[PDB]
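Next comes just one chain, in structure tokens: the form solved without N-[1H-indol-3-yl-acetyl]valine acid (IAV).
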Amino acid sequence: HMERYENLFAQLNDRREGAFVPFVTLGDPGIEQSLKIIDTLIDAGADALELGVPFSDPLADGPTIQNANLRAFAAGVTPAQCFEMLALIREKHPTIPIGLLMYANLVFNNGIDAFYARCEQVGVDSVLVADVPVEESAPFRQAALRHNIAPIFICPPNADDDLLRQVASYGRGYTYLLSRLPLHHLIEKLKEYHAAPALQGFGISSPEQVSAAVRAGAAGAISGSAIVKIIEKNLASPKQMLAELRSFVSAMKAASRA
């Protein structure tokens, strides 16, 4: 256990800061370009990463991420190639927390336990299984804990109190909060139930929303599609893509210092 999320949230609370976590699809638009994209995200001030593995049927993703998956498939990106990227990323950046957004079949394919063992070996910190609800999560979260992986769970805006209790009890690392039923209710109830720190990930596309999520009590914000949009718009110029990526992330991260 290396405690990367815990150590990050410590360092962030000691400096009155909120976390900014960008999402990108591994291998979008190409493996080498993706690696540069992730290096400029980390250099621009990202506190942690959420990385998606291209899946053929992402039934829980919007159109922006659907096109990212096809750009990565058009580049011939496989799950095995993603775990090769994950090892190279961890070897360059020992401290940053690296979370995965997975679909259940890529986790179940070669055995659930072996998937989480491969995550631990490459240095992955957390796993969100997009199409596994807490009601079905037992084999997944148990395998994750056995291999020092934090299982991440989404807290939806409609979440009643029994879901809140499960999310608080079952999750680790951070709670994936989709919200703004009252927003301040969910964040305080999750704290009341000793949940992992809540990160807001609904429509986080501007510096102003990163600032608003922190004031609401959440520990930070996840940008679900905004980073992938910048990639898709600057496909013709990989150089200007990285500059616009570095500019945006620095905007969002400075928005979290206050």
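One rule holds for the numbers: they count along the sequence shown, beginning at 1. Note that the rigid core is defined as the largest set of C-alphas that superpose within 1.5 Å between two forms.
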| property | result |
| --- | --- |
| Stretch with greater C-alpha deviation in 8 other deposited structures of this protein, 50 to 58 versus 63 to 71 (rigid core superposition) | 50 to 58 |
| Rigid core superposition result in 8 other deposited structures of this protein, more deviant of 157 to 165, 78 to 86 by Cα | 157 to 165 |
| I187 unmodelled in at least a third of other compared entries | no |
| Missing from the model but present in the deposited sequence, between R180 and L181 | 10 or more |
| Stretch exceeding the other in mean C-alpha B-factor - 223 to 231, 48 to 56 | 223 to 231 |
| Residue range whose averaged C-alpha B-factor is higher in the record, 165 to 173 or 183 to 191 | 183 to 191 |
| Within-chain third of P97 by Cα B-factor, per the entry | lowest |
| Record-listed C-alpha B factor of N158: chain third | highest |
| For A216, the third of its chain into which the C-alpha B factor falls | highest |
| Entry-reported Cα temperature factor of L26, expressed as the chain third it lands in | lowest |
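As for the form solved in complex with N-[1H-indol-3-yl-acetyl]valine acid (IAV), it is not shown, yet the points below apply to it.
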| item | value |
| --- | --- |
| Open or blocked, N-[1H-indol-3-yl-acetyl]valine acid (IAV) overlaid from its pose in the deposited bound form onto this form, 2.4 Å backbone/C-beta test | blocked |
| Stretch in contact in the deposited bound form with N-[1H-indol-3-yl-acetyl]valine acid (IAV), which is absent here, among 26 to 34, 190 to 198, 39 to 47, 220 to 228 (heavy atoms within 4.5 Å) | 220 to 228 |
| Contact of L70 with N-[1H-indol-3-yl-acetyl]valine acid (IAV) in the deposited bound form (heavy atom, 4.5 Å) | no |
| Contact label in the deposited bound form: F115 to N-[1H-indol-3-yl-acetyl]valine acid (IAV), heavy atom within 4.5 Å | no |
| 4.5 Å heavy atom contact, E232 and N-[1H-indol-3-yl-acetyl]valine acid (IAV) in the deposited bound form | no |
| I65: touches N-[1H-indol-3-yl-acetyl]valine acid (IAV) in the deposited bound form, heavy atom cutoff 4.5 angstroms | yes |
| Three-residue site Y103, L128 and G203 fully in contact with N-[1H-indol-3-yl-acetyl]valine acid (IAV) in the deposited bound form at 4.5 Å by heavy atom | yes |
| Of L178, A75, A143, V122, the one that lies within 4.5 Å of N-[1H-indol-3-yl-acetyl]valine acid (IAV) in the deposited bound form (heavy atoms) | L178 |
| Contacting member of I96, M85, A168, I154, with respect to N-[1H-indol-3-yl-acetyl]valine acid (IAV) in the deposited bound form [4.5 Å, heavy atom] | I154 |
| Within 4.5 Å of N-[1H-indol-3-yl-acetyl]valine acid (IAV) in the deposited bound form: residues from 27 to 61 (heavy atom criterion) | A60, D61 |
